[PDB]
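Participant:
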Amino acid sequence: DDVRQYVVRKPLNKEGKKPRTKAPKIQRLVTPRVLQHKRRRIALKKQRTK
RNA sequence: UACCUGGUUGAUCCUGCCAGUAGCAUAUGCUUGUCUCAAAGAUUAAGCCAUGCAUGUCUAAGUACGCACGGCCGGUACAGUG
Ligand SMILES: [Mg+2]
Ligand SMILES: [Mg+2]
Ligand SMILES: [Mg+2]
Ligand SMILES: [Mg+2]
Ligand SMILES: [Mg+2]
Ligand SMILES: [Mg+2]
Ligand SMILES: [Mg+2]
Ligand SMILES: [Mg+2]
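Read in order, the letters of the first sequence are residues 151 to 200 in the entry's author numbering.
So, in structure tokens, the structure goes:
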């Protein structure tokens, strides 16, 4: 299941401004950046060993 | 600038101090037109304090769902300033 689908959003409607919806930033979410950081942490050990 | 002078006697030569002389640093008195520097509640009380200020800090890079502002899609995690 996808977490990004099930985020609880907040409606936000002030007088004189268009209606809006806001959702929080998901924390502890596996993203390609996290995997790439782990990949480089692994890849530095190979350089040290060589 | 390696310097002296007056004072004890009726008069003289001495010892010997007092006073006289020139710097310096604290206060004080009188006086004071122009410019450059410049010390400044140490001395008696490390005695007592009204009031105000004198230590705070964010980058692309720890944590933003404060519309407090703000552009597009509009479930389509999180645009950006903060
Ligand atoms: Mg995280
Ligand atoms: Mg005489
Ligand atoms: Mg003298
Ligand atoms: Mg003039
Ligand atoms: Mg004092
Ligand atoms: Mg004192
Ligand atoms: Mg002082
Ligand atoms: Mg100070």
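Think of the CB as a built atom: it goes at the ideal place given N, C-alpha and C, for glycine as much as any other residue.
What runs of the beta strand (DSSP E), each 3 residues or longer, lie entirely inside the segment 157-183?
Facilitator: Complete beta strand (DSSP E) runs here, min 3: 160-162 and 170-172.
Participant: Do residue 177 and ligand 1 come close, with the Cβ less than 7 Å from some heavy atom?
Facilitator: One-based indexing of the first sequence puts residue 177 at position 27. Checking every heavy atom of ligand 1 against the Cβ of residue 177, one is found closer than 7 Å.
Participant: Could you check how far apart the C-beta atoms of residue 162 and residue 172 are, in whole angstroms? I think they sit under 8 Å.
Facilitator: Here residue 162 refers to the residue found at position 12 of the first sequence. Here residue 172 refers to the residue found at position 22 of the first sequence. That pair is a contact at about 6 Å.
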